[PDB]
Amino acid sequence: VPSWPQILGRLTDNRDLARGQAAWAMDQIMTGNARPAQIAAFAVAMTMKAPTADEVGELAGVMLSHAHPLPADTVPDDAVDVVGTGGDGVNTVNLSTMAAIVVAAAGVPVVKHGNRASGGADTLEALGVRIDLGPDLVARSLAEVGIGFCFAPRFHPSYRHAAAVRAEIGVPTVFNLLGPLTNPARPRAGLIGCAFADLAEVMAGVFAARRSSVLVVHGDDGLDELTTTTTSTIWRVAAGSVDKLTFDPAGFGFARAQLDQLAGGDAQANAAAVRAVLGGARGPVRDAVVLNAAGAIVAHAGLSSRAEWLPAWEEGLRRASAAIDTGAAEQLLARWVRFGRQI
């Protein structure tokens, strides 16, 4: 029976959708069969009717069902993502991009997913990295360099109609959740930042369903990363289940920082901040990077059922600091740049 009037009516009636309806809607959007007004009505209605983990999972499933995959056996079983929803309002340095490099340098394979804004892809581009690569070359980068970056428009070309609408309406919706949930390499672990405190649990539910080992993180100051200005909320996903924790990095010797110390402007500035940290500059920015890099490593450790929380953090922090201090992180970036210049 499925139709726009039926699905929209159910949503405007403040009712959860029936199984399969969110999937039908998203597939319409992804096959160029939904009008801009229909896309917009759906995105808004699905946000104002608080979306469920099942519903958001259906949306992400449809997108992944249409995306370009990586080739068979090119993504190690233990690869990790480090990524956020964005839209925390705060023009920060790209902590996720910095932490990703550090995590890769430490020997954990990283496949990152992202897009232009300031933003993650922009900062990478300004550092000289090729953000643009197709499946076969992203697989090569992962093999040879230890990190890869899937550019969203390259892998999700059928999302362009939905992307054009998000822009036109300019307001956050349920679609802002989809980036971290639709990494086309499908890594099973991640450190995932969520700007929308109310929706982080929903994102966690989605990861739990696919039995990922993920830490979904929201700084109690609003950051879509682990913060050093105060405590963070963590939705810890492992063994298909979610528990909510408060996390205080003071317990690992981290000084309280002020939010303005993690601020960064254009792609050029954030690129300078990356070089500064990877070059060994001390300060609040390094601390944040190390903390979030450790978080990603802890998420990676969680793939093993024998993993323990506090020992995992201590080892993650040691490994993250060493990766920077030895120059490994700095040199991984240099190798990543070199890789892109050599077909």
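For every residue, the number given is its place in the sequence shown, counted from 1.
According to the record, 4 to 9 deposited residues between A117 and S118 are left without atomic coordinates. Looking at 210-218 and 252-260 together, the entry lists the larger mean B-factor for 252-260, computed on C-alpha atoms.
Per the PDB record, of the two stretches 275-283 and 53-61, 275-283 carries the greater mean B-factor over its C-alpha atoms. Across the options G179, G148, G190, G86, the residue with the most elevated CA B-factor in the record is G86. Ranking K244, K112, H156, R186 by the C-alpha B-factor listed in the PDB entry places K244 at the top.
Ranked against the other modelled residues of its chain, the C-alpha B-factor of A37 as given in the entry falls in the lowest third.
Split the chain's modelled residues into thirds by C-alpha temperature factor. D198 is in the highest one. In the PDB entry, a CA B factor belonging to the highest third of its chain's modelled residues is recorded for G240. The deposited CA B-factor of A296 belongs to the lowest third of values across its chain.
When the modelled residues of the chain are ordered by C-alpha B-factor, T233 sits in the middle third.
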